[PDB]
Amino acid sequence: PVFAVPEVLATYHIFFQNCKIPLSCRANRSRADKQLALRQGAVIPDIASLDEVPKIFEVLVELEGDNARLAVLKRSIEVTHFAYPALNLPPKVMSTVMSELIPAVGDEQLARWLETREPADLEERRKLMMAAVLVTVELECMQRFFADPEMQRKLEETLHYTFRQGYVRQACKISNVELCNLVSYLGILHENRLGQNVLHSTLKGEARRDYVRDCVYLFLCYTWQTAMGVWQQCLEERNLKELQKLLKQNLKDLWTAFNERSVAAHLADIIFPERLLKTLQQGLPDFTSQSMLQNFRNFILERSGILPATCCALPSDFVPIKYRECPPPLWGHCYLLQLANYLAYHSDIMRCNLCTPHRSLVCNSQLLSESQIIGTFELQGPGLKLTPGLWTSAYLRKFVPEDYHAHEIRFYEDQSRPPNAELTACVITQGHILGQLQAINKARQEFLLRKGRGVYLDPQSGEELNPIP
Amino acid sequence: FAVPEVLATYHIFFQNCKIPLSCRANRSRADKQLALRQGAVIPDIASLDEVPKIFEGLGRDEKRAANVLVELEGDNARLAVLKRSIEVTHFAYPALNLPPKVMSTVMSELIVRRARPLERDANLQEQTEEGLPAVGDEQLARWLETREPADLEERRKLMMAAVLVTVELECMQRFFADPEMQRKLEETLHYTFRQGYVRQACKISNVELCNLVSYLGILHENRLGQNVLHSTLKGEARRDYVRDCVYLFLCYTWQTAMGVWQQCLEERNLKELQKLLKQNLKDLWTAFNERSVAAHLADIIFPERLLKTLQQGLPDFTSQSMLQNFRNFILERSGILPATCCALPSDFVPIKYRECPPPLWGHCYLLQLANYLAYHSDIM
Amino acid sequence: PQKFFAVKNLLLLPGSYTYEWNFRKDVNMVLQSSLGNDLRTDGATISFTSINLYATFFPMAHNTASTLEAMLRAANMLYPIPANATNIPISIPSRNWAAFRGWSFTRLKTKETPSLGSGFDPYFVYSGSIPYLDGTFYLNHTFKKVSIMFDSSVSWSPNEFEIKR
Amino acid sequence: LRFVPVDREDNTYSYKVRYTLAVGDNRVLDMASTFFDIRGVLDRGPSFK
Amino acid sequence: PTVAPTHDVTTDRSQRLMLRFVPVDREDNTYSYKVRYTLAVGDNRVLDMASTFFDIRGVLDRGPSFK
């Protein structure tokens with residue numbers, strides 16, 4: 001029973017960062033899809049730092065290789081300033097380390113550290129710390145959050161679910177029960193009929209790569225933003241005093257690290273406790289339906305001053321590609337985009353290792369043989385019937401922790417190497433029983449063929465009047 | 001619950017049909033017909049007998065381009081790209097039918113009783129009385145004073161079409177034609193487009209009214225809304241977009257009205273309608289034309305008191321945001337990806353009744369009335 | 001051949017069960033005729049002398065049976081159609097909305113479909129082809145249009161299909 | 001295994017037959033493999049041409 | 001801000017497609033039915049001519065000697 005207009009208020013997401021569109025936006029790069037292409041063996045992209053990026057080197061212009069979807073867009077657009085999803089650490093967390101810096105340290109302690117009379121080193125160290133606290137801390141937090149192999153497994157499986165490809169599709173087909181419909185939020189695991197997730201098949205060619213690339217990007221943004229919001233809403237102002245004391249105690253060491261990536265390595269460690277990360281990772285990544293992603297996509301578009309009905313428009317198109325092609329600010333966004341592309345090509349979305357090794361019926365003989373006998377089960381001895389629902393539950397629950405290479409793109413069944421673990425069926429374990437069931441099924445079928453019609457045999461004698469060889 | 005999601009129970013029925021070949025897109029010169037001037041009156045009802053016949057084909061005067069949906073010249077580039085990309089064979093129009101309960105009772109009492117499945121205890125017994133038409137041949141001949149079977153069949157089909165389409169349209173005439181409702185519709189359009197009077201009200205109060213939203217009179221005071229982007233665009237595209245905005249708003253209004261109706265029924269009302277139908281059967285069966293019977297039925301099931309109680313608080317305030325969300329969900333369900341360049345639902349609607357198939361005359365009237373309010377309000 | 005278990009495929013563990021089945025002596029349903037003339041009144045009869053059952057058991061280790069035991073721990077509806085009818089509004093009884101993996105439909109004759117569900121239908125006075133039982137349907141070309149109500153349905157989802165215009 | 005029925009009643013329109021099965025100890029009974037065996041007399045009526 | 005796009009601009013660089021083609025000029029002489037067309041540049045594409053096939057619709061009278 002609901003008596004209210006469909007829209008609701010959600011303070012979790014309402015935050016945006018306004019900055020000028022890059023000269024090197026996606027739409028302004030015709031061959032961007034060429035570089036973005038990934039092949040077998042590609043390794044997960046890593047964050048970058050100002051140490052290896054000296055200076056940023058860089059509204060829409062009709063390029064020579066502008067593809068159809070981008071060609072009409074590059075034309076009908078009043079592009080002045082495109083807003084971006086506000087991807088940031090909680091405002092208080094930030095307050096803690098900006099008020100601590102404010103230059104409070106001064107130059108005397110810096111000179112003590114450098115052990116040299118050159119002020120250039122002092123200025124360089126100050127700039128390193130400022131850049132670290134501005135961009136490299138966040139990049140490190142992202143790197144740790146999304147790089148957990150278990151967390152990457154979870155992301156891959158939720159993407160599998162949302163785009164209905166591979167093992168989830170097989171389960172839906174065999175089950176006769178629709179499994180895509182499950183939509184979740186912080187583990188609540190609701191169910192919605194009013195949800196479309198199979199409309200992405202209507203697109204192909206470069207129209208698909210891009211579109212999916214987008215959908216995955218917004219999904220990652222939604223994940224991170226909800227994570228940050230839930231963390232913020234569970235802040236303790238006592239933990240704030242503890243953070244203040246810890247920063248006071250550690251600043252002496254923190255101002256004495258040579259690398260910038262190292263500087264950020266320790267700041268994240270001190271500020272981002274492992275227990276909190278694990279608690280957030282408990283059940284946070286939640287199933288998202290394509291419809292919700294499109295609704296969020298429209299939110300971003302409208303709030304940013306572009307009518308959703310001025311033909312095609314995707315937020316992922318207004319963002320740079322490489323780190324040295326983007327202003328420091330949006331470096332988190334660049335990292336997110338590279339991560340999204342890596343996941344998209346990893347998941348085969350254009351199976352990853354979640355389908356080919358074991359869950360694939362074609363590759364796994366035992367699983368196929370078990371499936372063939374799904375319905376022809378029977379045992380009364382006064383149900384014991386292997387129902388579709390039970391086998392599908394067993395198939396879905398199973399996942400082999402090994403043989404799932406989370407470091408690079410391997411795509412088993414393309415390598416000429418054996419599997420890490422032997423393939424086994426989901427419910428049935430002993431192969432002898434499976435052989436017996438196969439034998440009884442074959443005898444059943446052959447008998448039915450031999451006497452399906454019934455046979456007429458002579459009344460006086462006993463020969464068959466219509467024998468079939 | 002997920003924030004950017006939706007699950008209601010009274011705004012999603014989505015009658016499905018094949019796109020009429022004579023739909024709005026396929027008429028390139030539709031813009032000229034859509035033109036209206038000072039000497040224009042509200043669109044009028046049309047009955048099945050009133051129109052001689054229906055023709056669905058593209059017809060003459062339309063020439064296929066040299067390249068369901070056929071590419072044509074003399075049309076907005078939006079239509080060109082739309083036709084080049086999408087050529088679906090079905091669309092999920094919003095449902096505007098009367099509630100299933102009242103329609104079922106009307107049909108059972110008047111046309112024919114619904115035949116439930118035969119439970120297996122006997123067979124070959126021709127107990128036609130259960131499945132017999134409500135009025136037999138002899139009674140119809142008596143009332144019609146003629147043995148001509150052609151007249152009996154034509155009258156039967158006439159009121160079958162009547163109870164299937166016109167009664168639905170009749171209610172609508174009444175419900176949207178009221179001058180007071182007309183004033184309220186103008187006011188809500190001004191509020192949602194922030195034009196003139198609303199702009200000066202915001203200036204005087206120093207508070208933008210874009211955050212004013214209502215639903216059955218229980219205002220939610222939503223703040224995430226912006227209704228100033230439409231001013232950027234101009235031309236036939238602006239007219240098309242506004243004409244749509246208003247058509248969808250009217251569809252939502254009728255849908256919520258028909259939901260509040262469906263909520264408030266009881267078996268007492270069921271028996272009341274049954275008694276009224278059985279006692280008046282003759283005066284409905286014998287009528288001069290489809291307008292008379294439609295009006296009589298409307299009075300039977302649409303008393304002025306009921307209309308009155310519905311009209312109050314019906315035209316709830318709505319945002320451009322809410323509108324787009326509806327449009328999005330319409331196209332999503334139809335099977336059409338929102339990422340497609342410039343797809344709107346009003347394209348799949350014939351302009352006027354002469355070409356529409358019977359079931360979609362309600363949508364045709366919605367679109368025509370939408371155009372009339374759009375032009376009269378001076379959308380500029 | 002026994003059919004109920006041909007589509008159900010049952011297996012029996014210990015228990016010493018009883019298995020009883022009935023057979024038909026109505027000539028119309030057991031025999032066939034080219035013309036289709038009521039064989040019951042014409043003077044046709046059937047008579048049995050001895051029926052015996054042949055069964056085939058198979059080995060299976062008690063261990064396997066215990067393993068299994070501890071391991072796992074279509075509707076038909078006929079609607080009337082009066083003579084010279086053109087419309088037919090039907091209402092499906094409300095069952096579990098799930099398992100609606102498509103439905104079929106065809107048109108038969110009252111004189112041909114037997115009132116299955118008793119011991120003997122006295123009104124079955126025809127012995128030709130029973131399409132309700134052997135799948136020899138032939139009145140499929142007498143269909144014009146089928147319309148579903150506005151209630152939403154999963155698509156493999158239109159409302160009306162045109163059969164022949 | 002052949003199986004002669006325990007009780008048989010030949011009513012006006014039916015021919016009832018009742019059996020008795022044996023426990024499947026170390027064995028399980030493939031029921032769909034079962035098939036009957038009938039023998040009788042048939043009169044095709046005066047309308048047999 | 002819209003006027004008219006072109007088929008070359010749309011579509012994909014790796015997509016095949018069919019195009020209908022209504023002729024530009026047609027003259028129905030006594031013994032011939034001339035038809036003239038106009039083709040489009042194959043930019044990033046080449047035209048498989050042997051794949052082309054016409055589409056005729058007309059009326060036929062088989063004469064009094066049809067038995």
# chains A, B, ... in the order shown; residues from 1 in each chain; ligands from 1
>>> residues_around(residues="stretch 144-154 of chain A", least_positions_apart="6", cutoff="9 Å", atoms="only C-alpha atoms", output="VMD selection string")
chain A and resid 44 277 281 285 339 343 354 401 404 to 407
>>> residues_around(residues="residue C:112", least_positions_apart="4", cutoff="10 Å", atoms="only C-alpha atoms", output="ChimeraX atom specification")
/C:36,108,124-132
>>> closest_atom_pairs(of="chain B", to="chain A", cutoff="6 Å", atoms="only C-alpha atoms", output="CSV")
residue,atom,partner,partner_atom,distance
B:2,CA,A:185,CA,5.8
B:4,CA,A:292,CA,5.4
B:5,CA,A:292,CA,5.5
B:339,CA,A:312,CA,5.6
B:340,CA,A:312,CA,5.8
B:341,CA,A:311,CA,3.6
B:342,CA,A:311,CA,4.1
>>> write_last_selection(atoms="N, CA, C and O atoms", output="PDB file, in the first residue's frame")
ATOM      1  N   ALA B   2      15.596   0.746  -2.852  1.00  0.00           N
ATOM      2  CA  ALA B   2      16.456   1.484  -3.763  1.00  0.00           C
ATOM      3  C   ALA B   2      15.862   2.855  -4.062  1.00  0.00           C
ATOM      4  O   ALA B   2      14.664   2.987  -4.330  1.00  0.00           O
ATOM      5  N   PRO B   4      16.603   5.288  -6.631  1.00  0.00           N
ATOM      6  CA  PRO B   4      16.188   5.549  -8.014  1.00  0.00           C
ATOM      7  C   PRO B   4      15.474   4.363  -8.659  1.00  0.00           C
ATOM      8  O   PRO B   4      15.903   3.834  -9.690  1.00  0.00           O
ATOM      9  N   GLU B   5      14.368   3.936  -8.052  1.00  0.00           N
ATOM     10  CA  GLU B   5      13.565   2.846  -8.590  1.00  0.00           C
ATOM     11  C   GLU B   5      12.088   3.192  -8.463  1.00  0.00           C
ATOM     12  O   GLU B   5      11.745   4.257  -7.933  1.00  0.00           O
ATOM     13  N   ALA B 339      18.595   5.482 -24.505  1.00  0.00           N
ATOM     14  CA  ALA B 339      19.787   6.113 -25.055  1.00  0.00           C
ATOM     15  C   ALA B 339      19.610   6.494 -26.516  1.00  0.00           C
ATOM     16  O   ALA B 339      20.440   7.230 -27.056  1.00  0.00           O
ATOM     17  N   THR B 340      18.558   6.000 -27.168  1.00  0.00           N
ATOM     18  CA  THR B 340      18.268   6.373 -28.543  1.00  0.00           C
ATOM     19  C   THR B 340      17.978   7.864 -28.647  1.00  0.00           C
ATOM     20  O   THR B 340      17.335   8.452 -27.773  1.00  0.00           O
ATOM     21  N   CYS B 341      18.467   8.471 -29.723  1.00  0.00           N
ATOM     22  CA  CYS B 341      18.314   9.897 -29.960  1.00  0.00           C
ATOM     23  C   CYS B 341      16.858  10.259 -30.230  1.00  0.00           C
ATOM     24  O   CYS B 341      16.295   9.863 -31.256  1.00  0.00           O
ATOM     25  N   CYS B 342      16.257  11.014 -29.308  1.00  0.00           N
ATOM     26  CA  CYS B 342      15.009  11.746 -29.542  1.00  0.00           C
ATOM     27  C   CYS B 342      13.855  10.817 -29.941  1.00  0.00           C
ATOM     28  O   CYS B 342      13.358  10.835 -31.068  1.00  0.00           O
TER      29      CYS B 342
END
>>> select_by_dssp(residues="stretch 22-101 of chain C", states="helix (DSSP H, G or I)", output="JSON, numbers by chain")
{"C": [27, 28, 29, 30, 39, 40, 41, 42, 62, 63, 64, 65, 66, 67, 68, 69, 70, 71]}
>>> closest_atom_pairs(of="chain B", to="chain E", cutoff="12 Å", atoms="only C-alpha atoms", output="JSON lines")
{"residue": "B:63", "atom": "CA", "partner": "E:22", "partner_atom": "CA", "distance": 9.7}
{"residue": "B:64", "atom": "CA", "partner": "E:22", "partner_atom": "CA", "distance": 8.0}
{"residue": "B:65", "atom": "CA", "partner": "E:22", "partner_atom": "CA", "distance": 7.7}
{"residue": "B:66", "atom": "CA", "partner": "E:21", "partner_atom": "CA", "distance": 5.1}
{"residue": "B:67", "atom": "CA", "partner": "E:20", "partner_atom": "CA", "distance": 5.3}
{"residue": "B:70", "atom": "CA", "partner": "E:20", "partner_atom": "CA", "distance": 10.8}
{"residue": "B:71", "atom": "CA", "partner": "E:20", "partner_atom": "CA", "distance": 10.3}
{"residue": "B:72", "atom": "CA", "partner": "E:4", "partner_atom": "CA", "distance": 11.8}
{"residue": "B:73", "atom": "CA", "partner": "E:4", "partner_atom": "CA", "distance": 9.7}
{"residue": "B:74", "atom": "CA", "partner": "E:4", "partner_atom": "CA", "distance": 9.8}
{"residue": "B:75", "atom": "CA", "partner": "E:4", "partner_atom": "CA", "distance": 8.9}
{"residue": "B:76", "atom": "CA", "partner": "E:3", "partner_atom": "CA", "distance": 7.1}
{"residue": "B:77", "atom": "CA", "partner": "E:4", "partner_atom": "CA", "distance": 4.9}
{"residue": "B:78", "atom": "CA", "partner": "E:2", "partner_atom": "CA", "distance": 7.7}
{"residue": "B:79", "atom": "CA", "partner": "E:4", "partner_atom": "CA", "distance": 9.8}
{"residue": "B:80", "atom": "CA", "partner": "E:4", "partner_atom": "CA", "distance": 7.7}
{"residue": "B:81", "atom": "CA", "partner": "E:5", "partner_atom": "CA", "distance": 7.6}
{"residue": "B:82", "atom": "CA", "partner": "E:5", "partner_atom": "CA", "distance": 11.3}
{"residue": "B:83", "atom": "CA", "partner": "E:7", "partner_atom": "CA", "distance": 11.7}
{"residue": "B:84", "atom": "CA", "partner": "E:7", "partner_atom": "CA", "distance": 8.5}
{"residue": "B:85", "atom": "CA", "partner": "E:11", "partner_atom": "CA", "distance": 8.7}
{"residue": "B:232", "atom": "CA", "partner": "E:1", "partner_atom": "CA", "distance": 10.0}
{"residue": "B:233", "atom": "CA", "partner": "E:1", "partner_atom": "CA", "distance": 7.4}
{"residue": "B:234", "atom": "CA", "partner": "E:1", "partner_atom": "CA", "distance": 7.8}
{"residue": "B:235", "atom": "CA", "partner": "E:1", "partner_atom": "CA", "distance": 8.3}
{"residue": "B:236", "atom": "CA", "partner": "E:2", "partner_atom": "CA", "distance": 9.7}
{"residue": "B:237", "atom": "CA", "partner": "E:2", "partner_atom": "CA", "distance": 8.4}
{"residue": "B:238", "atom": "CA", "partner": "E:1", "partner_atom": "CA", "distance": 10.3}
{"residue": "B:341", "atom": "CA", "partner": "E:10", "partner_atom": "CA", "distance": 11.8}
{"residue": "B:342", "atom": "CA", "partner": "E:2", "partner_atom": "CA", "distance": 11.7}
>>> interface_residues(of="chain B", to="chain C", cutoff="9 Å", atoms="only C-alpha atoms", output="tab-separated table (two decimals) with N, CA and C atoms, in the first residue's frame")
chain	number	residue	atom	x	y	z
B	12	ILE	N	0.46	1.34	-14.02
B	12	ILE	CA	1.15	0.50	-14.99
B	12	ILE	C	0.22	-0.62	-15.46
B	13	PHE	N	-0.45	-0.41	-16.58
B	13	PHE	CA	-1.17	-1.48	-17.27
B	13	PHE	C	-0.73	-1.61	-18.72
B	14	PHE	N	-0.55	-0.51	-19.43
B	14	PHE	CA	0.19	-0.48	-20.69
B	14	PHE	C	-0.42	-1.41	-21.73
B	15	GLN	N	-1.62	-1.04	-22.18
B	15	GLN	CA	-2.21	-1.68	-23.34
B	15	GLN	C	-1.21	-1.73	-24.49
B	16	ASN	N	-1.11	-2.88	-25.13
B	16	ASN	CA	-0.16	-3.11	-26.22
B	16	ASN	C	-0.92	-3.26	-27.53
B	17	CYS	N	-0.36	-2.67	-28.59
B	17	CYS	CA	-0.99	-2.70	-29.90
B	17	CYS	C	0.08	-2.53	-30.97
B	18	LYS	N	-0.25	-2.93	-32.20
B	18	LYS	CA	0.63	-2.67	-33.32
B	18	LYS	C	0.51	-1.20	-33.73
B	90	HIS	N	5.52	-2.99	-32.20
B	90	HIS	CA	4.57	-2.84	-31.08
B	90	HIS	C	5.01	-1.73	-30.14
B	91	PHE	N	4.08	-1.02	-29.49
B	91	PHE	CA	4.35	0.03	-28.52
B	91	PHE	C	3.41	-0.14	-27.33
B	92	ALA	N	3.92	0.20	-26.14
B	92	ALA	CA	3.19	0.00	-24.90
B	92	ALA	C	2.50	1.30	-24.50
B	95	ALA	N	-2.59	2.76	-20.55
B	95	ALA	CA	-3.96	2.26	-20.55
B	95	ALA	C	-4.91	3.35	-20.08
B	97	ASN	N	-8.45	2.59	-20.38
B	97	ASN	CA	-9.73	1.92	-20.31
B	97	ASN	C	-10.39	2.18	-18.95
B	112	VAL	N	-23.08	-10.02	-22.91
B	112	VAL	CA	-23.03	-11.47	-22.73
B	112	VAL	C	-22.28	-11.81	-21.45
B	113	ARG	N	-22.72	-12.86	-20.77
B	113	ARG	CA	-22.07	-13.30	-19.55
B	113	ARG	C	-20.77	-14.02	-19.87
B	114	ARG	N	-19.77	-13.83	-19.02
B	114	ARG	CA	-18.49	-14.50	-19.21
B	114	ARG	C	-18.62	-15.98	-18.89
B	115	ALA	N	-18.12	-16.82	-19.80
B	115	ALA	CA	-18.27	-18.27	-19.69
B	115	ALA	C	-17.09	-18.84	-18.93
B	116	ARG	N	-17.32	-19.26	-17.69
B	116	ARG	CA	-16.28	-19.89	-16.90
B	116	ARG	C	-15.96	-21.28	-17.44
B	117	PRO	N	-14.82	-21.84	-17.05
B	117	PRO	CA	-14.44	-23.17	-17.56
B	117	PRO	C	-15.45	-24.23	-17.16
B	118	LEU	N	-15.63	-25.20	-18.04
B	118	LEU	CA	-16.49	-26.33	-17.73
B	118	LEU	C	-15.79	-27.27	-16.77
B	119	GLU	N	-16.32	-27.36	-15.56
B	119	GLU	CA	-15.84	-28.29	-14.56
B	119	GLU	C	-16.35	-29.67	-14.95
B	120	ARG	N	-15.48	-30.68	-14.88
B	120	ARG	CA	-15.80	-32.02	-15.44
B	120	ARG	C	-16.77	-32.90	-14.64
B	121	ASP	N	-18.08	-32.66	-14.72
B	121	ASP	CA	-19.03	-33.60	-14.14
B	121	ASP	C	-20.07	-34.09	-15.12
B	122	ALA	N	-20.31	-33.39	-16.23
B	122	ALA	CA	-21.26	-33.81	-17.25
B	122	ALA	C	-20.91	-33.10	-18.55
B	123	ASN	N	-21.55	-33.52	-19.63
B	123	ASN	CA	-21.30	-32.93	-20.93
B	123	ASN	C	-22.49	-33.18	-21.84
B	124	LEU	N	-22.47	-32.51	-23.00
B	124	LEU	CA	-23.47	-32.61	-24.05
B	124	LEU	C	-24.82	-32.02	-23.65
B	126	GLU	N	-26.92	-28.87	-23.43
B	126	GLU	CA	-26.86	-27.53	-24.00
B	126	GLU	C	-27.61	-26.56	-23.09
B	128	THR	N	-27.53	-23.48	-22.65
B	128	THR	CA	-27.12	-22.22	-23.24
B	128	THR	C	-27.53	-21.01	-22.41
B	131	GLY	N	-24.68	-19.29	-21.02
B	131	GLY	CA	-23.86	-18.61	-22.00
B	131	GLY	C	-24.66	-17.89	-23.07
B	132	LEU	N	-25.99	-17.90	-22.95
B	132	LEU	CA	-26.83	-17.24	-23.93
B	132	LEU	C	-26.64	-15.73	-23.85
>>> residues_around(residues="stretch 48-62 of chain C", least_positions_apart="2", cutoff="6 Å", atoms="only C-alpha atoms", output="MDAnalysis selection string")
(chainID C and resid 64:65) or (chainID D and resid 1:4 26:27 29:30 34:40)
>>> residues_around(residues="residue E:12", least_positions_apart="3", cutoff="8 Å", atoms="only C-alpha atoms", output="MDAnalysis selection string")
(chainID A and resid 67:68 205:206) or (chainID E and resid 15)
>>> residues_around(residues="residue B:298", least_positions_apart="6", cutoff="12 Å", atoms="only C-alpha atoms", output="PyMOL selection string")
chain B and resi 98+102-103+106+162-163+166-175+273+277+284+291-292+304+306-307
>>> closest_atom_pairs(of="chain A", to="chain D", cutoff="12 Å", atoms="only C-alpha atoms", output="JSON lines")
{"residue": "A:376", "atom": "CA", "partner": "D:32", "partner_atom": "CA", "distance": 11.0}
{"residue": "A:377", "atom": "CA", "partner": "D:30", "partner_atom": "CA", "distance": 10.9}
{"residue": "A:378", "atom": "CA", "partner": "D:30", "partner_atom": "CA", "distance": 9.4}
{"residue": "A:379", "atom": "CA", "partner": "D:28", "partner_atom": "CA", "distance": 8.5}
{"residue": "A:380", "atom": "CA", "partner": "D:28", "partner_atom": "CA", "distance": 9.5}
{"residue": "A:381", "atom": "CA", "partner": "D:24", "partner_atom": "CA", "distance": 8.4}
{"residue": "A:382", "atom": "CA", "partner": "D:23", "partner_atom": "CA", "distance": 9.7}
{"residue": "A:436", "atom": "CA", "partner": "D:28", "partner_atom": "CA", "distance": 11.6}
{"residue": "A:437", "atom": "CA", "partner": "D:30", "partner_atom": "CA", "distance": 11.2}
{"residue": "A:439", "atom": "CA", "partner": "D:30", "partner_atom": "CA", "distance": 11.7}
{"residue": "A:440", "atom": "CA", "partner": "D:30", "partner_atom": "CA", "distance": 8.0}
{"residue": "A:441", "atom": "CA", "partner": "D:30", "partner_atom": "CA", "distance": 9.7}
{"residue": "A:442", "atom": "CA", "partner": "D:33", "partner_atom": "CA", "distance": 11.3}
{"residue": "A:443", "atom": "CA", "partner": "D:33", "partner_atom": "CA", "distance": 8.4}
{"residue": "A:444", "atom": "CA", "partner": "D:33", "partner_atom": "CA", "distance": 6.2}
{"residue": "A:445", "atom": "CA", "partner": "D:33", "partner_atom": "CA", "distance": 9.1}
{"residue": "A:446", "atom": "CA", "partner": "D:33", "partner_atom": "CA", "distance": 9.7}
{"residue": "A:447", "atom": "CA", "partner": "D:33", "partner_atom": "CA", "distance": 6.6}
{"residue": "A:448", "atom": "CA", "partner": "D:33", "partner_atom": "CA", "distance": 7.5}
{"residue": "A:449", "atom": "CA", "partner": "D:33", "partner_atom": "CA", "distance": 11.0}
{"residue": "A:450", "atom": "CA", "partner": "D:33", "partner_atom": "CA", "distance": 10.7}
{"residue": "A:451", "atom": "CA", "partner": "D:35", "partner_atom": "CA", "distance": 8.4}
{"residue": "A:452", "atom": "CA", "partner": "D:35", "partner_atom": "CA", "distance": 9.7}
{"residue": "A:453", "atom": "CA", "partner": "D:35", "partner_atom": "CA", "distance": 11.2}
{"residue": "A:454", "atom": "CA", "partner": "D:35", "partner_atom": "CA", "distance": 8.7}
{"residue": "A:455", "atom": "CA", "partner": "D:37", "partner_atom": "CA", "distance": 9.9}
{"residue": "A:456", "atom": "CA", "partner": "D:38", "partner_atom": "CA", "distance": 10.2}
{"residue": "A:457", "atom": "CA", "partner": "D:39", "partner_atom": "CA", "distance": 10.0}
{"residue": "A:458", "atom": "CA", "partner": "D:39", "partner_atom": "CA", "distance": 10.3}
{"residue": "A:459", "atom": "CA", "partner": "D:39", "partner_atom": "CA", "distance": 7.7}
{"residue": "A:460", "atom": "CA", "partner": "D:39", "partner_atom": "CA", "distance": 10.6}
{"residue": "A:462", "atom": "CA", "partner": "D:39", "partner_atom": "CA", "distance": 11.5}
>>> residues_around(residues="stretch 99-104 of chain A", least_positions_apart="4", cutoff="9 Å", atoms="only C-alpha atoms", output="list in words")
residues 94, 95, 244, 247 and 248 of chain A
>>> write_last_selection(atoms="C-alpha atoms", output="compact mmCIF listing (two decimals), in the first residue's frame")
# COMPACT_ATOMS: atom_id res chain seq x y z
CA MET A 94 38.59 16.05 4.80
CA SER A 95 38.06 18.78 7.43
CA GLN A 244 43.38 14.14 15.51
CA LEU A 247 47.70 12.59 13.10
CA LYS A 248 49.56 14.60 15.74
>>> atom_distance(atom1="atom CA of residue C:41", atom2="atom CA of residue D:14")
17.9 Å
>>> residues_around(residues="residue B:239", least_positions_apart="2", cutoff="10 Å", atoms="only C-alpha atoms", output="ChimeraX atom specification")
/B:31,34,233-237,241-245,371,374-375,379-380
>>> write_last_selection(atoms="C-alpha atoms", output="short mmCIF file (atom, residue, chain, number, x, y, z; two decimals), in the first residue's frame")
data_model
loop_
_atom_site.label_atom_id
_atom_site.label_comp_id
_atom_site.auth_asym_id
_atom_site.auth_seq_id
_atom_site.Cartn_x
_atom_site.Cartn_y
_atom_site.Cartn_z
CA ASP B 31 2.49 20.17 -38.48
CA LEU B 34 -1.74 20.91 -36.04
CA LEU B 233 15.06 25.15 -27.92
CA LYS B 234 12.80 26.74 -30.52
CA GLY B 235 10.96 25.72 -33.67
CA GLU B 236 8.84 22.74 -34.61
CA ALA B 237 10.92 20.70 -32.17
CA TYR B 241 8.11 18.51 -27.18
CA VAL B 242 5.55 20.73 -25.46
CA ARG B 243 2.69 18.95 -27.22
CA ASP B 244 4.08 15.74 -25.81
CA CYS B 245 4.71 17.12 -22.35
CA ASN B 371 -2.88 20.14 -28.80
CA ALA B 374 -1.13 23.72 -25.90
CA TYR B 375 -2.11 26.22 -28.60
CA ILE B 379 3.12 28.07 -25.48
CA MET B 380 5.05 30.39 -27.82
#
